[PDB]
Amino acid sequence: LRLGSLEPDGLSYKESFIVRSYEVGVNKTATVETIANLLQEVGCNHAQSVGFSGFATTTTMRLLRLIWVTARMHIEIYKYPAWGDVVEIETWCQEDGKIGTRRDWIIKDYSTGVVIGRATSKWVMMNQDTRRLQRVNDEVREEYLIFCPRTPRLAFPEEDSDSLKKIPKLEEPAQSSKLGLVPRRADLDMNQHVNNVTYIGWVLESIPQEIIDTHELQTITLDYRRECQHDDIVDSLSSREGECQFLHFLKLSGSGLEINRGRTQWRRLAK
Amino acid sequence: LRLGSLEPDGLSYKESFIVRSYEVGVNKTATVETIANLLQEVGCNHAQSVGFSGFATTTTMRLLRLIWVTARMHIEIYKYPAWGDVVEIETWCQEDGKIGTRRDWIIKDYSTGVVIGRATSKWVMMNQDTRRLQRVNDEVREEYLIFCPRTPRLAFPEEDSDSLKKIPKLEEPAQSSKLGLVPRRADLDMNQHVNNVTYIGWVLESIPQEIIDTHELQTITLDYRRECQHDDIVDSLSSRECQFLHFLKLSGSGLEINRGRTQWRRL
Ligand SMILES: Cc1ccsc1C1=NO[C@@]2(CCCN(Cc3c(F)cccc3F)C2=O)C1
Ligand SMILES: Cc1ccsc1C1=NO[C@@]2(CCCN(Cc3c(F)cccc3F)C2=O)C1
């Protein structure tokens, strides 16, 4: 009784959500964290519907002790849905160069069929024993390429997409910082790993209150380098680079080692 | 396409939820926080369906500068639903003595119609300016009592309900504690207030890892005393009385935020 299903061609997956009272923030609309969680939810349901499995592995991936890891996540929201709004999310995967796979999403207001947001993500294979990036042969690829559109389908079809823009390391000292952030138990998933959405909240903690009060987020790009461990302590840094952009850097308090880096783009709210 | 509606008599409200991948924890089942959020969600939809309003106020409440505040929240989960499980939640309110109103919930597996959980909560009216409990006359009450069963409907009908057992103050030092906890921006709601579910996470942070690894939560009772403010620093304490007593206190002053009881069953 899910209202979540493969499309007729079996190469993309759609799921609808009614935005809940507790999912909205100050703007009376769905938080970035809610959106990120819905993108993940539809990914997982898609994975289950075509027979993968927490890590979206194939038979041969489990055989070679390989797992998918996020290199990049990019979310663009044109309009945050309010409480009671039904949103429909379509998601699909595609081959990305010689090391990567993409997952893309399109977010539509279910009522109007208008696109209100889009996301894309770059995934690489890692040997779970050695933590090394591992290229795989064509038959490993064929196991998931079956379930991808044959001709390029891009959520970001434009020429020089912000989705692909490199993120530099911001220069210390940062204009803005939230220091000594620690995972809570509620920030661990079903496999005892720190959830991506934890990193979106920590990025957003670095934004000055003045920006949060007068602007909402249009884009977030994260490049992941390391997993935060359950007893790690983290600093969220930001600097600027009716519009503003911020660079972001998450680093370990002790060692200064990069957890991830980010870019946010904001638009002034006039009402 | 809500699947969320007043019952025929208009005196209770039912809503169904499909449990999502991100809503389950280590035990491969919906977290306490997910459950708490669904109970709140069905409360808010109920409030909107009979014309209240974020604060579930009536006309005369807004006039007397009164708001609802939770005195007690009690949740019993007999079975945590897995990812893909449809759960149905019925909720209703009832007059509770001379000062109090109750909201009750019953949680059913939609497929079997089996009760897998139940919750009850005690609410008082408070003057938002003075933070004092304020009794009101019968006509103020009648504004919300219209929308309640007149005769006893109890989620906890049993004689000496755990839901009504007093919570004593645990003795320092606590067996278990998480110190210097701070609300995140993401722990504030639409009105810049710390969400109840933040308190459930903080209660759970005080539970020894050994208990989390071998048991799941069957009951949680919280008595609320104060709101945590956005830049407050909080200590979450626990000791066994398996059952645990809980105490949330301000790091600075030592003042009680709330106190609690959890009951655990072996996995
Ligand atoms: C969104 C999400 C959450 C946990 S893992 C994950 C993933 N999103 O994209 C990934 C990488 C690429 C491999 N797959 C498997 C896959 C196909 F390749 C094609 C069609 C469906 C499908 F599940 C992913 O899902 C991982
Ligand atoms: C749902 C909500 C949001 C902010 S406070 C609150 C509450 N949930 O339970 C309470 C207690 C009793 C008063 N009401 C109003 C009410 C009826 F009295 C009867 C039927 C529906 C209804 F919304 C509550 O909802 C407070």
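Values below: every heavy atom of this structure, side chains too, minus hydrogens, waters and symmetry copies. Numbered from 1 within each chain, the chains take letters A, B, ... in sequence-line order.
A centroid separation of less than 6.0 Å is found between the aromatic rings of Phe52(B) and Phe147(B). Aromatic ring centres of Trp123(B) and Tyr144(B) lie farther apart than the 6.0 Å criterion allows.
For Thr120(B) and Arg103(B), the side-chain atoms include no donor-acceptor pair closer than 3.5 Å. Using modelled atom types, one finds a donor on one side chain and an acceptor on the other under 3.5 Å when comparing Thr60(A) with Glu143(A). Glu23(B) and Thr34(B) are not linked by any side-chain donor-acceptor pair at a separation below 3.5 angstrom, with hydrogens and angles left out of the test. No side-chain donor from either of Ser239(B) and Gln175(B) sits under 3.5 Å from a side-chain acceptor of the other. Side-chain polar atoms of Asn195(B) and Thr198(B) form no donor-acceptor pair below 3.5 angstrom. Side-chain N/O atoms of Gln192(A) and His230(A) include no donor and acceptor closer than 3.5 Å. Side-chain atoms of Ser121(B) and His74(B) include no donor-acceptor pair closer than 3.5 Å.
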**Request:** Could you walk me through whether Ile35(A) and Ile107(A) pass the side-chain contact (heavy atoms from CB on, under 4.5 Å) test, one step at a time?
**Result:** CA-CA 9 Å; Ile35(A) 296 303; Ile107(A) 309 167; 3.9 Å; yes
**Prompt:** Please walk me through it: do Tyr110(B) and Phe17(B) pass side-chain contact (heavy atoms from CB on, under 4.5 Å)?
**Reply:** CA-CA 9 Å; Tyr110(B) 190 67; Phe17(B) 305 93; over 6 Å; no
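Contact detail for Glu15(A) and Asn45(A): the closest heavy-atom pair is OE1-OD1, 3.1 Å. Looking at every heavy atom in both residues, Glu256(B) comes nearest to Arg226(B) through O-NH1, 2.9 Å. Contact detail for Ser206(B) and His246(B): the closest heavy-atom pair is OG-ND1, 3.0 Å. Between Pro183(B) and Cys228(B), the shortest heavy-atom contact is CG-SG, 3.7 Å. Of all non-hydrogen atoms in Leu11(B) and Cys148(B), the two that sit nearest each other are CD2-O, 4.1 Å.
Here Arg261(B) pairs with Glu241(B) in a salt bridge; the nearest charged N to carboxylate O distance falls below 4.0 Å. Using a cut-off of 4.0 Å between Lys/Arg side-chain N and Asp/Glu carboxylate O, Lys79(B) and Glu216(B) are scored as not salt-bridged. Looking at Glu7(B) and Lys14(B), a side-chain N of the basic residue comes within less than 4.0 Å of a carboxylate O on the acidic one, giving a salt bridge.
Between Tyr13(B) and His46(B), the ring planes lie parallel to each other; the angle is under 30°, not in the 30° to 60° tilted range.
Of the possible donor and acceptor atoms, none in the side chain of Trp202(A) sits under 3.5 Å from a partner among the backbone N and O of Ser236(A).
Seen from the ring of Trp105(B), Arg118(B) does not count as a face-on cation partner, given the 6.0 Å and 45° thresholds.
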